[PDB]
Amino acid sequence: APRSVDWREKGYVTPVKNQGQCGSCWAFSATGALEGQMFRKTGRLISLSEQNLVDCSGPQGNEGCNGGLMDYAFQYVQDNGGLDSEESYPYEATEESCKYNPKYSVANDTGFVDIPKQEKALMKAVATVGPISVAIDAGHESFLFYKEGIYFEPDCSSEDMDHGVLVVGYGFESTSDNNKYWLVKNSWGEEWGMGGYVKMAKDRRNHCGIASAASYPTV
């Protein structure tokens, strides 16, 4: 694998979005990963509808603004035979009746891959696939108020994750002793972290569980 990867540079990643007060992180993580895979397939970067996922993926196990799983989202897209664009089905930050319209479907998937639960495996996937959906322990105030640099939280759990985000690359700071990171796109808007991104500690015993529940859709 390369020493550093950043899929934003290659056109795989849409601008940072903002889930608001709805517990829809899982939907943003899932659209992120699917946006990347669709871009690889077609060469077209098209923002996808989180609202479509929030409103419609109940049968697959998702619970709207009260939480969900990226894999349940990928299963929905496969079951449903499509997913609408952001433009056609805009984000409301509240759970509403399903308004899926197949005329405006711009993405599909044929299942998903769960990555082995090691950072080495995660690195190989990011290098070869594109952006990857991941679960992290975001349940510390240090994360909420993160601004810049490599995020390390001594109390982070590698087993107990509560927030779905998107790994878009990895790399290292040229500064000192702990300098590797995962480049992670959050869904809390551009004013959180580094333009909506966080550089998370990499190769430090699966910090915050970043490799514990990593997956992406097949297209």
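For clarity, a rigid core is taken as the largest C-alpha set superposing within 1.5 Å between two forms. Throughout, we count residues from 1 along the sequence that is shown.
- Message: Between 53-61 and 166-174, which one shows the bigger average Cα displacement from this form in 4 other deposited structures of this protein once the rigid core is aligned?
- Response: Greater root mean square C-alpha distance in 4 other deposited structures of this protein: 166-174.
- Message: Can you count the deposited residues that have no coordinates between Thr175 and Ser176 and report it as none, 1 to 3, 4 to 9, or 10 or more?
- Response: Gap between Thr175 and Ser176: 1 to 3 unmodelled residues.
- Name the higher of the two by mean Cα B-factor in the PDB entry, 99-107 versus 144-152. Comparing averages over the C-alpha atoms only gives 144-152.
- Message: Mean CA temperature factor from the deposited coordinates, higher in 60-68 or in 190-198?
- Response: The recorded data point to 190-198.
- Which one, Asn52, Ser47, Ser29, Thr42, has the peak C-alpha temperature factor per the PDB entry? By C-alpha B-factor in the record, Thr42 ranks first.
- Highest recorded Cα temperature factor - choice among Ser212, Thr218, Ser215, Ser4: Across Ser212, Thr218, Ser215, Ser4, the entry lists the biggest C-alpha B-factor for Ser4.
- Message: How does the C-alpha B factor of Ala73 compare with the rest of the chain: lowest, middle or highest third?
- Response: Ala73: CA B-factor falls in the lowest third of its chain.
- Task: Using the B-factor values recorded in the entry, state whether the Cα atom of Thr94 falls in the lowest, middle or highest third among the modelled residues of its chain.
- Result: CA B-factor rank for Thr94: highest third.
- Within-chain third of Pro116 by Cα B-factor, per the entry: Tercile = middle for this residue's CA B-factor.
- Query: Against its chain's modelled residues, does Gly169's Cα B factor rank lowest, middle or highest third?
  - Reply: Its C-alpha B-factor belongs to the middle third of this chain's values.
- Looking at the C-alpha B-factor of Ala135, is it in the lowest, middle or highest third of its chain? Answer is lowest: the recorded C-alpha B-factor places it there.
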